[PDB]
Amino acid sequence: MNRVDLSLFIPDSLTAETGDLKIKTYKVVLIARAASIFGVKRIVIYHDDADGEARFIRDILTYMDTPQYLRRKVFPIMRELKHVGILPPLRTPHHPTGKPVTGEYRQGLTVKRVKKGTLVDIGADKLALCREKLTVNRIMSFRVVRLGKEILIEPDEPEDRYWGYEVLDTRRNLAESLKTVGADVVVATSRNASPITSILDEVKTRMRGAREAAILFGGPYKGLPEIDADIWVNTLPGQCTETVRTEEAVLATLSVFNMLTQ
């Protein structure tokens, strides 16, 4: 993983079996951490046959990707997300702590638009962006141009670092959600597909196609739908437990792939 943009697809039913809300929110945070550890660019929540909790799953994932200084302004932190407090930290480049320094890249929430341009929250004191028509209430990437009583920034995105993931809450099933992002390589993982250990060099090569790959995960119970995937593998051959939970399979699989993509 040095380029190949990865997109993970997860069923909105991943938290269905876990009753405890604290545990359920923590479950979803493990996915945020797994995605971030391996530099995943996007997480896709799709509608699984049963009923789902897409809203909750999306909410936790986004809360986690959002810098600490902005979640309290972006998240009404009501009942649903009450345990959001026991989520593990996420130490990524877009999650800086402490006052902003010159030349530093930060994500900011456009707040109020003034005559000078747009006022934005970057985690210090309201900063001003000169690019007049920045639409308010958005989270954008900025570069700190200059400091002062009113910091100055310009919209800008780093390319030399990990910048988090975008979470797509398509309320559509897998087939269509896949149809949306449509990547050049679609890897479907299944306990019943050939062990990765056998088709290893094939996967190594395809993934090197290197555009954007979509990794698909189903539940421990129901396998994926009759979908179109460039490859089908069991990335966890010889499991010794009757089941492998999705948060687990996500991490286990991202790790195996991380090594195939150099």
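Counting begins at 1, following the sequence as shown.
The deposited model assigns a higher average Cα B-factor to 1-9 than to the other stretch when 252-260 and 1-9 are compared. Between 26-34 and 58-66, it is 58-66 that carries the larger average Cα temperature factor according to the deposited entry. Across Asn192, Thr92, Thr118, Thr102, the greatest Cα temperature factor reported in the deposited entry is at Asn192.
By the numbers in the PDB entry, the CA B factor is greatest at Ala229 among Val40, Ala229, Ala213, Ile196. When all modelled residues of the chain are sorted by CA temperature factor, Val144 is found within the middle third. Residue-level temperature factors show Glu247 in the lowest third of its chain, judged at the C-alpha atom. Remark: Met207 belongs to the highest third of its chain, ranked by C-alpha B-factor as recorded. For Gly164, the recorded CA B-factor ranks within the lowest third of the chain. Only modelled residues enter the ranking.
For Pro88, the recorded CA B-factor ranks within the middle third of the chain. Only modelled residues enter the ranking.
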